[PDB]
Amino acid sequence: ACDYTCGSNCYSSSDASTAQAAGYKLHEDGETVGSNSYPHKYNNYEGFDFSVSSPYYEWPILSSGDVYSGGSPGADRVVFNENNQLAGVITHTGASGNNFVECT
């Protein structure tokens, strides 16, 4: 079973932790990758009720299992905070425009 289901993409807790670890390191080093400059601040326009405090940052999580290193980000993202705590896994899949919905 999936710990996080983003549209049709299936992720385990280990997949999320791995992506988060990569995103947080770039965050700490002040580096970004990709045309959308990931990781970057997640403003939470959606108003999701995360259990951890902000600021929030988003980083792509890939269905391929690989760690994001540039190129197409896909529709899924892991959201983490300044304390390197996982806030949630969200996706553009099933959401209108550039909005996000949480992965179930």
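Sequential numbering from 1, following the sequence displayed.
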* Quick one: classify residue 55 as lowest, middle or highest third of the chain based on its Cα B-factor. => highest
* **Third of the chain's Cα B-factor distribution that residue 30 belongs to, per the entry** => middle
* Asked: What third of its chain, lowest, middle or highest, does the C-alpha temperature factor of residue 81 fall into?
  -> middle
* residue 18 - which third its CA temperature factor falls in, relative to the rest of the chain -> middle
* For residue 45, return the chain-relative third of its C-alpha B-factor as stated in the PDB record: lowest, middle or highest. => middle
